[PDB]
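To begin, one chain is listed below as structure tokens, in the form deposited in one PDB entry.
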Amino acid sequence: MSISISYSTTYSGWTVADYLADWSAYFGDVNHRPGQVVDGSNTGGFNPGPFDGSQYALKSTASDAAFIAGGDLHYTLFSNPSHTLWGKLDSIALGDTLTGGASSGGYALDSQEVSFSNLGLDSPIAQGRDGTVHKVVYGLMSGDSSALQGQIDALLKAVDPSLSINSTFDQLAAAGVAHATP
């Protein structure tokens, strides 16, 4: 099946692009870069882990913002090509207050704002950091939602060419693609 969106009633009138720019700015940058991963505060984590699973989750350094990437995900760590997220990305959940982890049976958000599901993205290991899955998720880590925006846009176009990243969540609901939280 094709892209499926969940949205808080708050954002009914908001556009997906406007939402993502404010989200990404609110989440900020955890500075997950060479020489800047010196402890556990900015790694995120995998479920089940240690470097592969059905979820990768990360919370903001600055705020209570967090995201959960869902799929069948893999991370090379120090192995060539190094520091590459690859695999199937099915979903991206954005919201507040990450709970849980590997030891409690999964990551969760207390307050989900928006989620994008059935993304159908799939990157092979050998593509390295140029893979779409890596760029999408690493962008969210870095306070840049661009790659994710582009991919959401393309998927929406394919459902109905009047739909885009610049559509309202309400508009997307009218087209069969999104649903507000009751």
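Only residues modelled in both forms are compared. Numbering starts at 1 and runs along the sequence shown. Throughout, rigid core stands for the largest set of C-alpha atoms superposing within 1.5 Å between the two forms.
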Checklist entry - Mean CA B-factor: is it higher for 60 to 68 or for 45 to 53? => result 60 to 68
Item to check | Stretch exceeding the other in mean C-alpha B-factor - 74 to 82, 108 to 116 | outcome: 108 to 116
Checklist entry - What third of its chain's C-alpha B-factors does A154 belong to: lowest, middle or highest? => result highest
Item to check | Ranked C-alpha temperature factor of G143 among modelled chain residues, by third | outcome: highest
Checklist entry - If you rank the chain by CA B-factor, which third does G95 end up in: lowest, middle or highest? => result highest
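Note that the form deposited in another entry isn't included here; everything after this is about it.
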Checklist entry - After a core superposition, would you say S104 shifts its C-alpha by at least 2 Å between the shown form and the other one? => result yes
Item to check | Shifted regions of at least three residues between the shown form and the other one, judged by C-alpha displacement of 2 Å or more after core alignment | outcome: 38 to 40, 100 to 105
